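For this one, two forms of the same chain are given in structure tokens, first as structure 1 and then as structure 2.
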Structure 1
């Protein structure tokens, strides 16, 4: 409408004012996330192969995300896969609310499972800070999910060089923050994941219930 017309005009102004690339990372981010990964990481266009979904998930049986991972790893020979969460995540907030929002809630049930898996931790935390912790923990679980896929396990098994990263983008300072799960093998995945969960579980004393 007025909005579609302003989009076309903005595209035209941009194109006029401006006047092959091997991808080296697969980027899995969130549909809410507001700043684009290419801006954020200030890399040259085409360096990132990008999948975005709600709450940056790697669901075991999601054909969309799984096929993107298989194509990146087996076909494009991409050596780095990055899961990037972000602060003030609508998806995560959506997952925590009581509301039945319809079909999307079925997608967010995987986050709710991650909530209950870490319920003891999240339950010793004051209610108002749980959404920040869950965003962090979710990134860690998605890297773990990624490292458990048949695709990633097979790539590692045949000696293909492949690393998995889990970061959170904080808009309040523009920095990427490593959540500590970083895998180059099934063994490093296990140790790194367990270490990260343990580190995340040390709560700041001023919000312990």
Structure 2
């Protein structure tokens, strides 16, 4: 089929063109499989400085062997000092989590997002229906940071004095800016005050 022939052609000419014209990783990036812009473009860094895992809806699920293997290898073997969870606006995973459809094996993966919805129902309830998905994309990032900070791998690193920070941002495609959701942890105590403040701030609604 033509699409495969086109990759071979696109590849051959790209390599030829790069030649005509003319590394330790420092971050573990946990992003979404349906994110559109690659992390190296968005952050403008050189090849090799990101070690990358991508899964549906940028989740850190307590018992995933694939993501947890990557986090252990990055922290214990490669000695990386910053883990970043990046969500994004118009996320297909989040919309699929709020819809009522049965999609098969993938719905099982998305049930973790539905539990987060009910945790903040009284707030989201006194919000007009059409604004809820944007608030939930924000709250999901805050809860995944809270999850990463509770793993045995991260808590044990903090306990033995290893320097490690956790960050939770949203990539806003409408202006290309990364927006800080306010949960930033360098320890167990900072994880709690920071998580609690962020939710209280997120809970004062526009009177409209």
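In this text, rigid core is short for the largest set of C-alphas that superpose within 1.5 Å between two forms. Numbering follows the first chain given and starts at 1.
Core superposition places the C-alpha of residue 12 2.4 Å apart between the two structures. In the rigid-core superposition between the two structures, residue position residue 65 carries a C-alpha shift of 0.9 Å. Structural comparison between the two structures after rigid-core fitting shows the C-alpha of residue 199 displaced 1.4 Å.
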